[PDB]
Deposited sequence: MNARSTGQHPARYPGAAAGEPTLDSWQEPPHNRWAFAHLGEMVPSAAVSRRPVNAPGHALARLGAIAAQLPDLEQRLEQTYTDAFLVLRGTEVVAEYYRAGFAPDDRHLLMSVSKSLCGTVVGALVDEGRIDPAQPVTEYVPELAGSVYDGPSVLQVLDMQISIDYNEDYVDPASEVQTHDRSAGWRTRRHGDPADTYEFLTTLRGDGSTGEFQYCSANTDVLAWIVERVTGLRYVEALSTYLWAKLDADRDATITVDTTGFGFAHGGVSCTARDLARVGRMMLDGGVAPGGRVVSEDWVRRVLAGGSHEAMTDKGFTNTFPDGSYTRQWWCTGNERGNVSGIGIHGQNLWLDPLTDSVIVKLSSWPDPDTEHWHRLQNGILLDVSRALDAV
C-alpha cells in the first residue's frame, strides 16, 4: 500500500530480491555483484595502532586540543580552511581513509539532494507531500508541505524513548534493519512512515527522523532512482570524493536516509566545501546559490523551541535539514548522535568535521564539550 518504488535492478519485481531469493535468476546476476546489500559483510584488507595527530597550525592556540578530542571520544577530526586541510586527527585504530557512520548528519546530505531537485524545478517545496507521495494520504504527512518536512515543522506522535520497543523511534529502526524485527512490525521503512500520526498542527520545530525518510521517498518518486543512486547522482558523484560513501538499506533496498550514511572525514568535508562555495562542487553545481543562502540564513526562530539547542544557541533555528546556531559567527552544522558534526564556519571559509563515538547519544554534558571544541577551533582560524 506504499505504491511504486525503484527496482533493485532493471526489471526487478517489487521487493526483489530478498535474503531468501537472491541466488535465484534473474536476481543473482545483480546480487552476486552486490552481496553486501543483502548480507552483513566485512572488509578483507589489501594492506598488511596509534593515534595520528597533525593539528597544525591551530595547535599553538589550542595546546590541549588532542586531549580534548580524546575526552569527547573523537574518531576522526579534520579542519578544511578554504581548499586546504590545515588540521587532522584520527584515533588509534582508525585510519585517515576509514569510513565512519554519520548518524543524522546523513539528514543534511538528504536535504542537499532535495535541494538539487528544487534547483532543477522537479520539486516545489510549497507543494503538499501528497503531490509526490499520494500513498501518505491518511497519515501525519497528509496536509503538510515539502518545506515543512524540510524544516521539520510538523507535529508528530513519535516516542523517542528508545528502550521502549513500542516507541516509534525503535520501531523505525526495526522496520529499516537497524534492529532485530519483532512480530507485527512494518515490512520496510515506507510502511512504517505511513503508520505515523499527529494532531495536525504545524509550524513548530519537532526534530523527527521520519521527516528525512519522507524526503528520500519524495526523491525516489520524482526521479525514479533508488535513493542510494540519487544520493550519488545528485551529490556524491560530484564531490570528487576519495572513496564511495556507503548507506545501510532496508529489505527493499531503500537507503536509510535519515541516519545510515558512512564516509571518510575528508570526503564529508567536501560537502561543507560545496556549501561554502555557493552550492558548486568540482563535478558541477549541486544546489542553487539561493538554497545555500537560505541555509546560512536559518529558519524561523520562533519555530525553534528545542531547549537542548537554544540553551546554547538562543537565536538558533533549523532549516532544510541543517541546524543553524544563529551565533555571532553564523555557524551552521549537520549533527548526529554520539558526536557527529559537519560544522560550517563561513567567517573563515572553513569546514570542521568531527566524527565521534560518545558512550551516550545525546547529553548536555557531551554537547557542551563538543560545541566548546568546535567554537574554539573556529575562533582559532580567525585572522589575528
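- By the record, the deposited chain contains unmodelled runs at 1-4, 53-56, with no C-alpha atoms placed there.
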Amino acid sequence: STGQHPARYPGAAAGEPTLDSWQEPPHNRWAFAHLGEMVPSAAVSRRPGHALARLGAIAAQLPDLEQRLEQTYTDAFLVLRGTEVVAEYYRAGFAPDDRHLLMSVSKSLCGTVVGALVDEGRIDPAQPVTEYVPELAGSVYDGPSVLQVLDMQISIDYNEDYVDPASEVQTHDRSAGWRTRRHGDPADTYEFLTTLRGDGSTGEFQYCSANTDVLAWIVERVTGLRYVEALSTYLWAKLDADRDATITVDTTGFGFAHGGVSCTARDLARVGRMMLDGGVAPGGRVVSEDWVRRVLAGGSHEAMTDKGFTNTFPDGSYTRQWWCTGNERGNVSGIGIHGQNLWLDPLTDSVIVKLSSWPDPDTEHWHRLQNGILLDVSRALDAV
From here on, numbers count along this sequence of modelled residues.
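- When the two stretches 55-63 and 346-354 are set side by side, the higher mean Cα temperature factor goes to 55-63.
- If you average the C-alpha B-factors over 175-183 and over 246-254, the higher value belongs to 175-183.
- In this entry, the residue among 151, 213, 75, 168 with the greatest C-alpha B factor is 168.
- Of the candidates 49, 334, 36, 316, the one whose C-alpha carries the top B factor in the deposited record is 49.
- Remark: residue 311 belongs to the highest third of its chain, ranked by C-alpha B-factor as recorded.
- Residue-level temperature factors show residue 236 in the lowest third of its chain, judged at the C-alpha atom.
- The entry lists a Cα temperature factor for residue 117 that places it in the middle third of the chain's modelled residues.
- Per the PDB record, residue ranking by Cα B-factor puts residue 111 in the lowest third of the chain.
- When the modelled residues of the chain are ordered by C-alpha B-factor, residue 93 sits in the highest third.
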